Amino acid sequence: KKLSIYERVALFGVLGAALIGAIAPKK
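Using the deposited numbering, the letters of the sequence shown correspond one by one to residues 1 to 27.
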């Protein structure tokens, strides 16, 4: 079984460049 392990880590810390690499808050 698995999910949160790949949802809270492979989505909660992987989009750091997807949500920040678009709107450009300070990039």
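Every residue gets a Cβ at the ideal spot worked out from N, C-alpha and C, and that includes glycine.
Can you give me the C-alpha to C-alpha distance between residue i and residue j, rounded to a whole angstrom?
i, j, result
"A17", "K1", "28 Å"
"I23", "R8", "22 Å"
"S4", "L15", "15 Å"
"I20", "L11", "13 Å"
"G13", "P25", "17 Å"
"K27", "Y6", "27 Å"
Taking only three categories from DSSP, how would you classify residue i?
i, result
"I5", "helix"
"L15", "helix"
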